[PDB]
Structure formats: C-alpha cells, structure tokens
Amino acid sequence: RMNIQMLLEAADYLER
Amino acid sequence: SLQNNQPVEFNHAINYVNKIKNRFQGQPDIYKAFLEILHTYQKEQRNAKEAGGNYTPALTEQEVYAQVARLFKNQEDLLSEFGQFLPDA
Numbered sequence: 006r007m008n009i010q011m012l013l014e015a016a017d018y019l020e021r
Numbered sequence: 295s296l297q298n299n300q301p302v303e304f305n306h307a308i309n310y311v312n313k314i315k316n317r318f319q320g321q322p323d324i325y326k327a328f329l330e331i332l333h334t335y336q337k338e339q340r341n342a343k344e345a346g347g348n349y350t351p352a353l354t355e356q357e358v359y360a361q362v363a364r365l366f367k368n369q370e371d372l373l374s375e376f377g378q379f380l381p382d383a
C-alpha cells in the first residue's frame, strides 16, 4: 500500500 | 510490514511532507489539518477492510481530493503531487 499510509509514517517519523 | 522494497518512495515521501511543513511553517494550522485528513482516511479505509465487506466509508480518495482542494487554494502543485500517490481509481 503506497498512497496515504506512506506519507503518514513519513510525517510521524520527522515529527517524532 | 509494507510490500515495496524501493527506498526511493520513502525519500519522496519525506521530501513532500517536509515541503508542506516548510511552505506553511508560518501557519501550523494548515500542516496539522492535512495530517488529520490523511489520518481520518486511514481509519476509514481500515474500518472498511476490517468490516469484511458490507460497509460504506464516509471518506474516500475522491472525497479527500475535494477537501484538500478546498483547503489548498492557489496551490494546485501540492494537490497534484498528492494525487499522484493515488492509484488508478
């Protein structure tokens, strides 16, 4: 799955 | 666990999200908004896939495009890069 879940983990990564 | 094995997509993801956070660094409201949108879409998609089959989501790909479009004015560039992630629906 690559469309939304990807951007989700990315943001959660940079954030914390 | 994912399924892909290309570290390129990950890099592109961080670049985009970072681009938005930087472009809207002044207004943290816009950033938090977009995030909440994606989060909601996730809970909806999962609910449907967990409901077995009989279920009607309230937030789909088209619905997200519309909402993000209204919130993102004069910024079709970002909306485009976001739509690219969406498969052939």
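Just so you know, the sequences run in chain order C and A.
Heads up, the UniProt record's numbering is the position in the first sequence plus 5, with the first residue counted as 1.
Heads up, the UniProt record's numbering is the position in the second sequence plus 294, with the first residue counted as 1.
All residues carry an ideal CB built from backbone N, CA and C; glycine is no exception.
The alpha carbon of C:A16 has as its nearest neighbour, out of A:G377, A:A327, A:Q339, A:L380, the alpha carbon of A:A327. Excluding its 5 nearest sequence neighbours in each direction, A:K315 has C-beta neighbours in its own chain below 6 Å: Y325, listed in chain order. Burial state of A:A307 is buried, judged by a 10 Å Cβ sphere holding 16 or more other Cβ atoms. Three or more beta-carbon pairs separated by less than 8 Å link the segment 328 to 338 of chain A to the segment 350 to 367 of chain A, which places the two stretches in contact. If you look at C:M11, you'll find it in the alpha helix (DSSP H) that goes 10 to 20. For A:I308, the nearest beta carbon of chain C is closer than 8 Å to its own beta carbon. In summary, A:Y310 is buried, with 16 or more beta-carbon neighbours lying within 10 Å of its beta-carbon over all protein chains present.
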